[PDB]
Amino acid sequence: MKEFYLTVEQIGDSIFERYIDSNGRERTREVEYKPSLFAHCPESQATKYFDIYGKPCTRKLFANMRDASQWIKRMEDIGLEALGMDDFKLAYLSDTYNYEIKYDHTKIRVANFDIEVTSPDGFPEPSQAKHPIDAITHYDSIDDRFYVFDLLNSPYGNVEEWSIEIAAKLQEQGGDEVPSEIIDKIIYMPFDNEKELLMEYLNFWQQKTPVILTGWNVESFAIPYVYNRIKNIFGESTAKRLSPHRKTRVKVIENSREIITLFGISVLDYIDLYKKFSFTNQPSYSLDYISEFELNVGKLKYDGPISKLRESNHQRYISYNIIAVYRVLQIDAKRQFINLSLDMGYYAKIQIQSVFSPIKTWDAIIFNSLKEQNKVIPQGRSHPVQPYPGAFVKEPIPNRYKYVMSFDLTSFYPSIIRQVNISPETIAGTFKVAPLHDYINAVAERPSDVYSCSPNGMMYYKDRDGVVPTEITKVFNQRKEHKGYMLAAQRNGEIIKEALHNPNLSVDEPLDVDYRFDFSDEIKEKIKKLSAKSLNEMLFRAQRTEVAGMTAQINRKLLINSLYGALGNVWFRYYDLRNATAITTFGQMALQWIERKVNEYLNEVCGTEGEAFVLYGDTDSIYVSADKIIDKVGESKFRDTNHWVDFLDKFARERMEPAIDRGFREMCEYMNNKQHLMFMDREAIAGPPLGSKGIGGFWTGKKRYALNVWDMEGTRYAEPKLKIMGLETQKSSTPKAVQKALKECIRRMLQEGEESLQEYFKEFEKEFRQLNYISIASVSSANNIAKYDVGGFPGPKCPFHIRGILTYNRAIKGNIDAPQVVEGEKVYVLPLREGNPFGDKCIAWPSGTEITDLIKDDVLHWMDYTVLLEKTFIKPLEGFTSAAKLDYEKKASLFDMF
DNA sequence: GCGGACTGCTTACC
Ligand SMILES: Cc1cn([C@H]2C[C@H](O)[C@@H](COP(=O)(O)OP(=O)(O)OP(=O)(O)O)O2)c(=O)[nH]c1=O
Ligand SMILES: [Ca+2]
Ligand SMILES: [Ca+2]
Ligand SMILES: [Ca+2]
Ligand SMILES: [Ca+2]
Ligand code: NA
Ligand code: NA
Ligand code: NA
Ligand code: NA
Ligand code: NA
Ligand code: NA
């Protein structure tokens with residue numbers, strides 16, 4: 001096989017690389033890398049090298065990397081540009097791997113681990129590490145084994161060995177329900193004392209040194225705790241064995257919090273992977289909560305606090321430590337963020353951990369692309385941060401909207417980049433701008449008949465290829481492929497859902513199909529004959545495939561959109577507000593241009609005149625009212641709900657889309673762009689069920705609407721799905737039960753109507769006081785707690801949730817056992833009635849947890865249900881109904897005298 | 001006494 005790197009580091013004049021060789025063996029080498037940088041030279045001394053603007057450069061080879069650095073500093077002192085890749089690691093990877101890297105993940109050692117630390121006095125600070133490590137579970141992807149390190153003897157209690165027999169048993173059997181599929185993959189190692197455990201763990205670590213290191217909060221807890229605990233017990237030199245090059249870096253962030261860097265290892269903390277790539281916003285980030293959300297597994301049941309879990313039930317303590325490791329593996333098998341990281345990493349030729357940084361990622365991609373053409377990249381420059389305009393958002397009339405059909409541009413900003421040919425080296429010049437609306441209304445003169453233009457005043461060469469359009473097109477093409485797999489899996493999913501209404505009472509097996517492709521006619525008919533067991537199992541697999549495709553597509557979308565963003569970031573080598581603004585301004589034009597076009601077409605083709613068909617739009621979308629399209633054919637002429645959905649689908653596809661294409665082709669001609677790429681397709685088709693009292697949809701304002709959608713991008717739902725954006729149902733700050741309740745209110749408004757809504761509202765108001773307190777607690781981030789802490793009491797302008805935390809701190813004052821609220825973390829928040837013993841109107845505690853038993857029963861007693869109802873439920877519901885022209889409570893009439 | 005304007009904060013949409 002072809003060679004591929006694992007990790008790379010720069011240590012002085014040395015580059016330490018771990019890699020897989022031709023034969024597939026993991027090796028390590030120290031290369032005294034000789035880097036090259038470039039300086040502008042006279043036109044005479046022209047060679048192979050030119051900068052992106054075509055200026056000739058002399059290559060300077062350095063004896064070592066330190067000489068290259070000092071030369072950059074000297075060029076600064078003189079005042080001349082020092083060109084080339086300054087991050088020498090990237091240059092090394094580029095030199096050593098001058099080809100598209102095809103890697104084998106089975107050769108990459110991916111380590112998942114989690115530790116346990118019993119602490120009698122609050123959270124065990126990793127910087128201190130004054131408490132014994134009493135459990136480590138370490139999964140090795142190559143061995144496919146769970147290595148368990150268990151401490152039997154500790155100053156916090158002596159315990160017996162862990163039983164794998166009991167761990168495997170059901171919880172109903174008094175066991176721990178450790179999943180059977182990993183029982184045989186467990187390698188158990190008990191220890192007499194901590195020193196021998198840690199000594200053995202280090203030797204294990206040397207034999208099986210992680211390349212990718214992951215787990216849950218491993219960077220902020222596990223890694224620094226293990227490092228410091230070993231450093232304290234054995235000395236710093238022994239602690240440095242955690243690095244395969246024996247080099248570590250301790251980053252001090254008192255704010256005492258330390259972030260350790262282990263050279264030769266790529267740490268991909270899964271909580272960080274999750275926060276960046278999952279596109280969720282969770283009210284809690286405990287592994288327990290996340291596992292429940294992602295995998296639908298039950299909460300880990302146990303008695304007493306974790307601080308005493310080891311002494312009381314050491315059996316369950318160890319089993320839970322093993323399960324915690326497996327949970328992350330399971331989440332990754334679904335989400336596949338590690339696979340995504342490896343893909344991006346080797347594509348860009350960076351350190352794998354640099355996937356968290358789109359700027360670093362694109363810097364390397366662009367550098368490699370330019371390097372292949374013997375071109376030289378510019379030097380990074382210092383820039384002041386400046387604001388600049390972005391997208392346009394139409395102000396909608398707050399109202400209900402019965403029939404709605406939406407359209408959206410494909411990969412807007414990247415497409416604009418490719419269309420206009422926007423790139424640092426393709427700038428042709430400028431022109432005098434007319435106001436933006438003159439271009440929208442096709443009144444302003446054509447900017448240029450020679451160059452490609454944006455309404456911000458920028459002109460670009462139509463002939464030359466740009467490194468930014470070139471490299472962004474490559475990633476986009478990948479994105480398009482993976483979205484295709486996703487949508488097909490989604491379409492296949494609905495097919496199975498429909499067949500779940502007629503499940504055959506039979507014993508069979510789930511069909512063997514690649515869910516990434518639309519089911520063949522053969523497969524469809526077989527599905528209509530399978531059992532509920534086989535169908536449900538297929539549905540599960542169809543959704544797993546869809547999720548996998550989602551991860552692959554939405555994050556390539558994130559990457560390319562981040563390239564656009566990078567153009568407006570001062571730390572990006574190719575920062576340029578001319579280009580950034582060229583994109584956004586063009587976008588503002590493009591959206592409002594097509595609004596005018598669609599309005600003109602519809603008005604004509606619908607017979608009317610001057611009517612507003614487009615009711616809303618954000619950045620690159622339009623929401624077209626389709627009432628008069630349905631009315632032009634008459635509502636009675638439709639068989640069922642599905643019939644008119646088929647009609648609008650055909651109408652949007654056969655008539656609207658070609659018209660929209662013509663409008664954008666003209667705009668492309670107007671701007672004299674390089675290539676027409678403004679592709680606006682139909683997205684949603686919304687409306688009430690046929691012959692019902694539902695309103696279909698409504699808008700309360702910008703970025704706040706709800707639609708009863710029957711079809712989305714070609715996927716025809718078996719049951720109508722509510723597309724709700726911006727409303728309280730979509731916010732993590734809204735209490736769980738309230739989200740659920742508000743959504744059903746919305747569902748009833750859109751699908752059933754006013755009477756159904758009032759019916760449900762009356763019931764919810766009557767019974768909501770029985771809801772669990774967690775389900776009705778609000779959630780908020782806890783930032784700058786100390787900023788508003790004045791003697792344990794709320795200082796001036798203290799935020800409501802911060803007040804709740806201060807209330808909590810006073811309530812738990814005097815107990816180190818009580819859970820502390822962590823700065824930056826999220827908290828549950830509850831209002832308190834006026835005569836409460838806490839001395840304030842609200843209280844807040846760490847989210848994802850049951851509030852401490854110290855004050856729990858008192859909180860439950862003094863909860864303000866009246867305030868909770870009106871503030872979190874009624875007030876938002878009033879907003880929904882006012883806009884939609886509805887009442888949630890039956891109004892008083894003159895008939896009330898009867 | 002409290003509403004409206006403005007501010008900080010939070011978390012959406014794109
Ligand atoms: C979601 C998102 C969008 N945007 C900008 C750039 C996008 O082109 C524009 C519209 O975003 P979207 O319309 O939401 O998505 P997209 O057009 O980029 O690609 P697609 O619709 O086919 O899934 O908004 C960002 O800059 N950052 C983001 O995170
Ligand atoms: Ca011993
Ligand atoms: Ca779009
Ligand atoms: Ca689309
Ligand atoms: Ca089309
Ligand atoms: Na743990
Ligand atoms: Na069970
Ligand atoms: Na120490
Ligand atoms: Na059937
Ligand atoms: Na007419
Ligand atoms: Na979309």
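Labels below follow one simple rule: chain letters A, B, ... track the order of the sequence lines, proteins then strands, and each chain is numbered from 1. The basis for the numbers below is simple: all heavy atoms, side chains too, and nothing from hydrogens, waters or symmetry mates.
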- prompt: With sequence neighbours excluded, what pairs up with A:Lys360 under the side-chain hydrogen bond (donor to acceptor under 3.5 Å, both in side chains) test?
  reply: A:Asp87
- prompt: CZ of A:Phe392 versus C1' of B:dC13: gap in Å, rounded?
  reply: 15 Å
- request: Using whole Å, report how far CD1 of A:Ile805 lies from P of B:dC9.
  value: 13 Å
- line: Out of B:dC13, B:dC9, B:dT11, minimum distance to the side chain of A:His801 belongs to B:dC9
query: When the distance from CZ of A:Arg803 to P of B:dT10 is rounded to whole Å, what number comes out?
result: 15 Å
- request: Measure across A:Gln282 and A:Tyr274 and return the closest heavy-atom pair with its distance rounded to 0.1 Å.
  value: NE2-OH, 3.0 Å
field: Atom pair distance, as rounded to whole Å: OH in A:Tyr828 and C1' in B:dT10
entry: 17 Å
- line: note: A:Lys731, atom NZ; B:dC13, atom P; distance rounded to Å ~ 8 Å
query: Counting just side-chain N and O atoms, does A:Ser732 come under 4.0 Å of either OP1 or OP2 of B:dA12?
result: yes
statement: In short, A:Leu750 meets A:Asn708 closest at the heavy-atom pair CD1-N, 3.7 Å
message: Under 4.0 Å between a side-chain nitrogen and a carboxylate oxygen: does that hold for A:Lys275 and A:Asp269?
response: no
Protein-nucleic acid N or O pairs under 3.5 Å, nucleotides 4-8 of chain B:
{"residue": "B:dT7", "atom": "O2", "partner": "A:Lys797", "partner atom": "NZ", "Å": "2.9"}
{"residue": "B:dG8", "atom": "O3'", "partner": "A:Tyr788", "partner atom": "OH", "Å": "3.3"}

Among B:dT10, B:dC9, B:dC13, the nucleotide that comes nearest once only the side chain of A:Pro799 is considered: B:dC9
- prompt: Between A:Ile724 (CD1) and B:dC13 (P), how many Å, whole number?
  reply: 10 Å
task: Rounded to the nearest 0.5 Å, what's the gap from CH2 on A:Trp845 to OH on A:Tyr828? Could you check?
output: 8.0 Å
field: Most 5' of A:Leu727 and A:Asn784 on DNA chain B, judged by nearest nucleotide
entry: A:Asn784
- prompt: Using a distance-only test with no angle check, is there a side-chain donor-acceptor pair under 3.5 angstrom linking A:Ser415 and A:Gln419?
  reply: no
field: side-chain N/O A:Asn783 vs B:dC9 OP1/OP2, d < 4.0 Å
entry: no
message: Please determine whether side chain to side chain donor-acceptor pair (under 3.5 Å) holds for the pair A:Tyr623 and A:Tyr705, giving the CA-CA distance in whole Å, both sets of side-chain angles, and the decisive distance to 0.1 Å.
response: CA-CA 11 Å; A:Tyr623 289 84; A:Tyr705 57 97; 2.7 Å; yes
field: Closest nucleotide among B:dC13, B:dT10, B:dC9 to the A:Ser781 side chain
entry: B:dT10
message: Just the rounded figure in Å: distance from P of B:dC13 to OH of A:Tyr623.
response: 10 Å
- prompt: Could you state the CD-P distance from A:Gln282 to B:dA12, rounded to the nearest angstrom?
  reply: 10 Å
